[PDB]
Amino acid sequence: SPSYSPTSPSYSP
Amino acid sequence: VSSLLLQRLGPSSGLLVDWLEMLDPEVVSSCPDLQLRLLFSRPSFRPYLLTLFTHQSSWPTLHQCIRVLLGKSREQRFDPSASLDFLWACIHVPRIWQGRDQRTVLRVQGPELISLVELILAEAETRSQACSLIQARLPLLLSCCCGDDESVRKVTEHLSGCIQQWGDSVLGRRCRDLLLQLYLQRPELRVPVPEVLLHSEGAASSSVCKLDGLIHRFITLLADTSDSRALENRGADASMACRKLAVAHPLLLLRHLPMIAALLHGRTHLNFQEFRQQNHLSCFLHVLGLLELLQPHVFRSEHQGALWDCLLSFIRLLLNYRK
Amino acid sequence: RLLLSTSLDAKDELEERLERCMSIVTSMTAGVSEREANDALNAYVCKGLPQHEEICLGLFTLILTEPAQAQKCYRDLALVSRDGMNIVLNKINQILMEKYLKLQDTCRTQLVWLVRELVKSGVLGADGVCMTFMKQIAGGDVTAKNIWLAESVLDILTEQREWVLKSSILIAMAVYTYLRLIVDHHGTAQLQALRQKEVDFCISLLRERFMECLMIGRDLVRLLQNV
Amino acid sequence: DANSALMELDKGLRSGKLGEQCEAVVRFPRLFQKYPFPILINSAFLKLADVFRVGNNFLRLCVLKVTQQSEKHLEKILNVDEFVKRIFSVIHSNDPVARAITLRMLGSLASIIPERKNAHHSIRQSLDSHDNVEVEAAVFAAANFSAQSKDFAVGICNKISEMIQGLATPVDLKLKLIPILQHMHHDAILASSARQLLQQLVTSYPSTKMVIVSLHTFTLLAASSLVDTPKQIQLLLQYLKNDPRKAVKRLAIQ
Amino acid sequence: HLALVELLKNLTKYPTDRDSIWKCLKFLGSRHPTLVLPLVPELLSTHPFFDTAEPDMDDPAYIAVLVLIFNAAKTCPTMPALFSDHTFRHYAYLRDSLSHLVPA
Amino acid sequence: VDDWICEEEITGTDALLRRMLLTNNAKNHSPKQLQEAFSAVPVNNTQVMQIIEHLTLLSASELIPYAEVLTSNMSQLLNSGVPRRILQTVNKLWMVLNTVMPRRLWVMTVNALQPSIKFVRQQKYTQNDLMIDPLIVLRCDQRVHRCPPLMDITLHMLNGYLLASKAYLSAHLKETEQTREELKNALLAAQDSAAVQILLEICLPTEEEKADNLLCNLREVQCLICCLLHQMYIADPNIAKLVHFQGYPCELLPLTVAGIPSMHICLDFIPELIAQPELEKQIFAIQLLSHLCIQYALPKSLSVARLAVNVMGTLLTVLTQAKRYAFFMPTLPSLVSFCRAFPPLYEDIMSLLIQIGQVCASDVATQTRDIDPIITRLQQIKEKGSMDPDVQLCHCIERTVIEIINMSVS
């Protein structure tokens, strides 16, 4: 997941 | 065009500004003194030309402008507001910070830094006739100092000298405010700062200390304890660090006085047997010793309420377990 | 119920999952118009992954339940599927090759209809479904229902021979399986016409895809010698 | 059949190869033209939003083009919450281009989802970013949302005032920022504050381009909000008689 | 702490009461500022050295916690120093969206 | 996507200015007039300024005639003392021309940005020429490396020609069929990684720049290249993995880690990079991990840091004396960064530092040395030498411990 920082919100489906 | 603009003008000034922009694209490149006078002086079209020069001049030109703004330091011609805004804009040019995500840095010499801090003080002085603008301008000073300990110490002693000079003038007052804000922003200096700020009431300001969260951590560790002797050793170490900070930097702890006051309020109800078994008497004697070691400053007006809260908790404890 | 069984038959946990799927898909619809029904359905699907899978399996079972409901639920499944129903196709394969021994005849017909719809629509991964459904045909048997099922899937494959053409390995699988069926089947005039159709299709595949038939193996010659 | 065509087009979206994916994406509005059925539109837009979330930047831009073209059909969306939620998730991407495309997407969707606070905060955040593409996208989205919403309009009015007054903003971005104020006609006091801001603008930025843009924006604002039309006409006549520039005079005429 | 935990359980049970519970936490923070801030780093779940993942904005319970924390922090000056960057970002978001609840 | 999103309407103010200013019939500005303005014996920046500023208003279709003069004369823009606005407007016009006239604009732009000491310098760089060898665009005049607008131009060109070359050699191998696909993928990976390495070396401060000043053209070019590398890494993270396996000069590591937000994926393959045989790759892995731990302080980062500490402690007793020096001189400043990221590493960091200090002290004691650090056991602090390796390594250990203690204590 290079487009999202690790400290960004996770999109849980 | 510059001579026309310096000198009433009517709306014709727009045509002259357009001509100056189109025929001299790099503002301050040709005949620099006239443009420096236009941009910085002691007016209506000033922000537009400032924006042009900021986003349209080559980096050597901007460096030369910074040097001539902070160089001579005895001109009394350059407006503090315009110069501070120009420096802040130059630091935060979008090109320099492109590709960043704005999460968790420039170096300047000694005399240039002295000129910049005196310029900040002049801005504060003309603002006086609160501490809002000083805190607004302070991030530029921290960025320019670049976390250099020697530079921060130099600014601190220079401001101390200025306070000694003025004493209690408006300039003296704003020097005290700037010094206390800087001390909160840079408390790692071993010097607790002279008595001049121990008399001021700026400790209650809407400001964030670089060390407050850490002493909050340690005071939580101090108050929170159980019957465990490991937790008692942790609390003893917490009392040690907090006491060393009290003797070293007493003003920082007193800003956290209502917190420990509330904790003392919370812990008072518990009956004597659990009070002794849970080692809450250790916490009580630790906070009492800490208050003793914050002796000549805890009696101020600002600290009065939380002090009365702590004393109320102490006397409530005395009454409840008088047996 | 759906699958034929009696009291002594074991309570099949997969079938209980299917029953829970029936409960959620039907009780959530509540006989309201399809608009709000699919709105709420999409909400429940997008809530999370296991409930999405449960809704998909409920739609799949409804496709095996009743004709009109099969049409409407296949419409809704095509409308609400997120990942294209690939893992749903995987579970279809598992249910197929496991529970085909107990599958009801109407459910069989509706599952064949669903297979035809998936093949015609060209949904990805349908080759797996085709080859696992093909695998369930028992060789050396003459049951009427099995022969009817073989003829129906043969009709499906013949109308969608281009879909076979774009699926390289399925060409070899289909031609080999139909040769095996050819050597199995004989005896009646209907079987004679079925034989003619199968041999015509197999010859057409072999000529048009000789290079693809190379990797079948020596057993291709073994089938050839008997026919 | 509508659903048959929909899923036959969908299998192209899942193909993986970018050509078929963008082909299907731009095929979608024709399908809306054939079948204006809100069930189909809702499902198709949900699929669009899913592929927008997971797909690369070019496919996202294709979905943006489709959303802009399919303006008339998107008020028939049933599950607006899920659709905008999965669309909004891309705004947290560190990739500035993806954030810009998402901001433009929200701006296109502003008609069906005004008064959505997280979207407004996303617009407000990106407006002060460093990547010029993201900032321009934020300006466009701010225009659209301020056209739709009311509270967002006054918030953005205040932010634009303190931004144009600021010195960090470049001249071109200031030019792009001013016509946002033409949507401040939602109420009288907001329009009057915008009028004061525009007066400040024309006083303190007298060069040709931004007086052009600012007084044209003031003209549009006065046209929308009829309360300040006489003073606007008076100001236009004043600029016509006094200002010497030919271009400013010709704009005053127009 | 008990009040907050039971209120969050109430949020899970009966989410429609979220506005009233946010009002509750507003008044709790305003009337008990000093007693809240020792519980700040647990409520925000900030790690001593790690950088915690950004909490899901627009969530009911997290908004409730933030409303309590911010209303506690209106008087107390030492509270905001324990905030991470995303906490300030969420502060700005809540302040523009829920100005009547979250103070300056 | 940059060109397409450039075409997207922002506010419509550009259309207003089009209808307003261009109606003046000052369209007498012609390509010949612009060429004459460029070719004045003095620079005469006023005329070119007015002309190109006017050309910003022109719509893209009618701006095609000016492609020749703008591109041909952009070499003259490299000279010292050119105003920034000239380059900015040239960048804007080039972006417009790229939006409508991409391929031939790229060909002529590369032909124009030759070093010019070779004069013609093989102006036959046709479309196919760049399409087969994308790295030609990097063979440009050195002055563009500190000219942020034209550097941005060159970056656009480089990205476009990388993708173009991918499609081109795919088509070529398809038509020449009449395995090779593996060679195709390897060539593409090598080409992308080589482009990344050249850009990273461009980011380096040259000797003259080496001869503080954090706000300059170099920082602008570094930001541009970081944005481009972020785009490339998002396009294919395997290119990032390949580049880091190849490694690059460690001076860039603060810059690259701070400017490329997609760099956080490096923690995935750093454990495998550590296990490489080459000492250089392990050293680079340690430095990269240190910078990332400073940037992103995450549990997985902590676990990988634990693995780094354990491997450093492990091969401390596997390396020879020379190998010990060569490995531990660069990777010792990483330990202070590890301590900054993760306090729970203090135990292992200090144990490792004690062990390496005693090993180095014994090594010093074996052979007669110049300074003899053992007897200098009571020295004071000394903040910021061709001596023998072991005393240098001892002093490096001392400085590492000084930095750790000093930062933790304040």
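Residue positions are given from 1 per chain in written sequence order; they need not agree with the entry numbering, and residues without coordinates are hidden. In the order they appear in the text, chains get letters beginning with A and ligands get numbers beginning with 1. The full assembly is larger than what is shown, and all values describe the shown chains rather than the whole. Side-chain figures throughout are based on the complete set of non-hydrogen atoms in the structure, without hydrogens or water. Residues with missing side-chain atoms are left out of burial classes, side-chain pairs and their counts.

Structure determination for this PDB entry is given in the record as cryo-EM, at a resolution of 3.7 Å.

Chain F carries the name Integrator complex subunit 2 in the PDB entry, which gives Homo sapiens as its organism. Here the PDB entry's recorded title is "Structure of Integrator-PP2A-SOSS-CTD post-termination complex".

The name that the PDB entry assigns to chain D is Integrator complex subunit 7, with the source organism given as Homo sapiens.

Caption draft 1: Layout of the overall build of chain D. Secondary structure follows DSSP: runs of H or I at least 4 residues long count as helices, runs of E at least 2 residues long count as strands, and numbering of each begins at the N terminus. Counting its secondary structure elements, chain D contains 14 helices and zero strands. Listing the helices and strands of chain D from first to last along the sequence gives α-α-α-α-α-α-α-α-α-α-α-α-α-α. Each of the three principal axes of chain D carries a C-alpha extent, and together these read 65 × 35 × 35 Å. Note on contacts: a residue pair qualifies if any of its non-hydrogen atoms lie within 4.5 Å across the two residues. Pairs at least 24 residues apart make up 68% of the contacts formed inside chain D by residues separated by at least 6 positions.

Caption draft 2: Local environment of the interface of chain F and chain D. Taken together, the contacts link 23 residues of chain F with 30 residues of chain D. For the pair chain F and chain D, the summed buried surface comes to about 2,500 Å²; carbon and sulfur atoms form 64% of the total. Put simply, a salt bridge is a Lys or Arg side-chain nitrogen that is within 4 Å of an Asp or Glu carboxyl oxygen. Residues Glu53(F) and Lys209(D) are paired through a salt bridge, measuring 2.4 Å at the closest nitrogen-oxygen approach. Pairing of N or O atoms within 3.5 Å defines a polar contact, subject to two protein rules: one partner must be a possible hydrogen donor and the other a possible acceptor, and residues neighboring in sequence count only if both atoms are side-chain atoms. Our count for the contact surface shared by chain F and chain D stands at nine residue pairs in polar contact. If you tally residues by element for the side of chain F that touches chain D, the top one is helix α2 (residues 13-21) of chain F, at six residues. Looking at the side of chain F that touches chain D residue by residue, the classes come out as 11 nonpolar, eight polar and four charged. Here the buried area means the combined drop in accessible surface, using a 1.4 Å probe, for two parts upon being joined, counting both sides. As a working rule, the residues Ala, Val, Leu, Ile, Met, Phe, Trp, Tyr, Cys and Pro are called nonpolar, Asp, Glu, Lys and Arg charged, and the rest polar, with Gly in that last group.

Caption draft 3: Structural view of a nonpolar patch on the surface. A residue counts toward a patch only above 30% relative accessible area and without a salt bridge, and it is joined to like-charged neighbours within 9 Å or, for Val, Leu, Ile, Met, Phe, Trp and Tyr, to nonpolar neighbours within 5 Å. All accessibility values rest on the Shrake-Rupley procedure with a 1.4 Å probe; residue burial counts only the protein chains present in the view. Side chains of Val1(B), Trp19(B) and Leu23(B) sit close together on the surface and give an oily, nonpolar patch of about 260 Å² of accessible area. As for its placement among the helices and strands, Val1(B) is situated in the segment before α1 (2-6).

Caption draft 4: Just the packing of helix α9 (residues 148-175) of chain F against helix α12 (residues 217-235) of chain F, in detail. Residues and elements named next belong to chain F. To get an axis, a line is fitted to the C-alpha atoms, and for a helix only the part in contact is used. The angle between two axes follows their N-to-C directions and goes from 0 to 180 degrees. Packing of α9 against α12 brings their axes to within 10 Å, and their N-to-C directions diverge by 20°. Considered as vectors, α9 and α12 are oriented roughly parallel to each other. Handedness of the crossing formed by α9 with α12: right-handed. Contacts between α9 and α12 involve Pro 148, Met 151, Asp 152, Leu 155, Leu 158, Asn 159 and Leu 162 from the former and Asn 217, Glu 220, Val 221, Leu 224, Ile 225, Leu 228 and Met 232 from the latter. Of the residues in the contact of α9 with α12, the class split is 10 nonpolar, two polar and two charged. By the definition adopted for this analysis, an angle is roughly parallel if under 35 degrees, roughly antiparallel if over 145, roughly perpendicular if from 65 to 115, and oblique otherwise. Should the near helix be turned anticlockwise from the far one by less than a right angle, the crossing is termed left-handed; should it be turned clockwise, right-handed.

Caption draft 5: Up close: unusual backbone geometry. At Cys31(B), a residue that is not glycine, the phi angle is positive and equals roughly 40°. Within the secondary structure layout, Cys31(B) lies in the loop between α2 (13-23) and α3 (32-39). Only protein chains enter the calculation, and the probe is 1.4 Å; a residue is then buried if its accessible area is under 20% of its type maximum, exposed if over 50%, and partly exposed in between. According to the relative accessible area criterion, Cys31(B) is partly exposed, its value standing at 39%. Not every positive phi belongs to a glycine, and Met85(C) is a case in point at roughly 70°. Examined against the element boundaries, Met85(C) turns out to sit in the loop between α4 (67-80) and α5 (86-99).

Caption draft 6: Broad picture of the arrangement of the chains. Ranking the 11 pairs of chains in contact by number of contacts places chains D and F first. Where chain C comes nearest to chain E, the C-alpha atoms are still 14 Å apart, and the two do not contact one another. In this view chain C stays clear of chain F, with the nearest C-alpha atoms of the two still 17 Å from each other.

Caption draft 7: Structural detail: the side chain of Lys26(E). Position of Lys26(E) relative to the elements: it lies in helix α2 (residues 18-31). Beyond its immediate sequence surroundings of up to four residues, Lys26(E) is in contact with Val67(E), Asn71(E), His100(E) and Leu101(E).

Caption draft 8: Seen up close, helix α6 (residues 80-91) of chain B. With 12 residues, α6(B) should reach 16 Å at 1.5 Å per residue; the first-to-last C-alpha distance of 17 Å fits that figure. Judged by how many residues are buried, α6(B) sits mostly within the fold: nine of 12 residues are covered. In this analysis, the expected span of each helix is defined as 1.5 Å times one less than the number of residues it contains.

Caption draft 9: The arrangement of the packing of aromatic side chains in detail. Residue and element names in this part refer to chain D. What counts as a ring pair is set by centres within 6.5 Å for rings of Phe, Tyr and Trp (its six-membered ring), and what kind of pair is set by the plane angle: stacked under 30 degrees, edge-to-face over 60, tilted for all other angles. What the rule picks out here adds up to 25 aromatic pairs over all chains. Ring centres of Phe 45 and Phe 83 lie 5.6 Å apart, and the angle between their planes is 70°; on these two criteria the pair is classed as edge-to-face. With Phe 45 in helix α3 (residues 38-54) and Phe 83 in helix α5 (residues 80-88), the pair connects residues that are 38 residues apart, well separated along the chain. Grouping residues by exposure puts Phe 45 and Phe 83 together as buried.

Caption draft 10: Main features of the nonpolar core. To define a nonpolar core, start from buried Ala, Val, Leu, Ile, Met, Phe, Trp, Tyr and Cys residues and group those joined through side-chain atoms within 4.5 Å. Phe40(B), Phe86(B) and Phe28(D) are the most contacted members of the largest nonpolar core, which totals 166 residues. Counting residues per element, this core draws most heavily on α3(D), at 10 residues. Setting aside chain neighbours within four positions, we find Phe28(D) in contact with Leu6(D), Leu9(D), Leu13(D), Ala44(D), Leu48(D) and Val66(D). Grouped together as the second largest cluster of nonpolar side chains are 128 residues, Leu58(F), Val82(F), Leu255(F) and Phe327(F) included.

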